[PDB]
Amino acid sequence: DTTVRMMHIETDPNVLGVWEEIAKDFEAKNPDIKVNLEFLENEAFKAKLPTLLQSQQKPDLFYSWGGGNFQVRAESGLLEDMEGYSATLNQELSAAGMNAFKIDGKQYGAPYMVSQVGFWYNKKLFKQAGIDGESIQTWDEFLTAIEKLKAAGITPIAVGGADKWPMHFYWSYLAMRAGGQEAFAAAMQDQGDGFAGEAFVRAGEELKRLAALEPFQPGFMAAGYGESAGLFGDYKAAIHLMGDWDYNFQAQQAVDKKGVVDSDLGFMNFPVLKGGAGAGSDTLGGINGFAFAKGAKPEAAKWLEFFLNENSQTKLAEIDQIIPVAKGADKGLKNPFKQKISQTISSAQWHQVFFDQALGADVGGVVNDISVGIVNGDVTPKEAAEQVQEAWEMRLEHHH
């Protein structure tokens, strides 16, 4: 018997119940393979993984956002090429999802889900404030809704400022809307002014404008994502900019374990910015998966091809958790919120991975730092963009 060790960041009890049913079914069909799930919370996982991956504690499989850290881990010899064990994965999973975890023709992981960041909002609170949530198409209209919420005594936005990345969603989306795909593509290539260019300075200017309305809950810089999602679930703030995984999370984090029920819940895309080059259909989000650590056993690919199969992924869509990557598993997207989100993802010409993950731990950490820094007044919009560009130039210099 051999044990496949899979490190993950999942907290939801319904999801874990489904994962356990899949693992039980797999172990019954493969009596010589055991599956050990190893949980670490999101922030702890990102902080601890570098040490664990470079040690003899490394697992076979670990949760991954792809992006810059995945690229560097591959070039550092920290991952295992499973191309020779990928025949079934390539049959059953989306080609774009498989490509997200392939480097230099080597299959270093497999996709698990795709996501969109957007504004979850409370229709009950919006009605109290006299806001039609479906009518918010532009950034100016969004700011007007913020002012209407404040006038009604309702905290407009819950944000997990302590974790920083929830605030970076604002800066990133504003940069996407201001500059469009080409401004970002050019910055990635270090062309022109790069991340110090006008679209990124405008992103900071618009984030500072939002911050000047004081739209966040008191003490937001001390709140992590769990606390912020709980505020939304408890009807204590009207708006939550978050990935689509928030749907189940705000319910679990609510005192009543239900949160904002479907009859009170809305979701809207990030609005357009007047004069901006970005399209309202452009999406910020991710393609997340499981990477193979160096030394991963062949049984780990056997597990992943079952865990990621059409039936398994259909179950996880049907419990409202993931937008799946397995072919045909979109049949499980029965929930109206998740169905519409999956359509936005499918239709997007530009589906951009989270800036903090695309740019790697160092430069992405700078983006996270300047996002809260602009809001708190510690850096100006120009200085923020300058810091991102300077850090990015050094990352380019020091990597292949």
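Throughout, we count residues from 1 along the sequence that is shown.
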Would you mind comparing 26-34 and 358-366 for me and telling me which has the higher average C-alpha temperature factor in the entry?
26-34
Would you tell me which stretch averages the higher CA B-factor in the PDB entry, 91-99 or 69-77?
91-99
Kindly indicate the residue among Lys164, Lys315, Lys297, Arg177 with the greatest C-alpha B-factor in the PDB record.
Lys297
Note to self: of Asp282, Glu134, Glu227, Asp244, the C-alpha temperature factor tops out at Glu134
Chain-relative CA temperature factor third for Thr51:
highest
Among the modelled residues of this chain, does the Cα B factor of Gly286 put it in the lowest, middle or highest third?
middle
Please say which third, lowest, middle or highest, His168 falls into when its CA temperature factor is compared across its chain.
lowest
Taking only the Cα B-factors deposited for this chain, tell me whether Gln189 sits in the lowest, middle or highest third.
highest
Ranked C-alpha temperature factor of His400 among modelled chain residues, by third:
highest
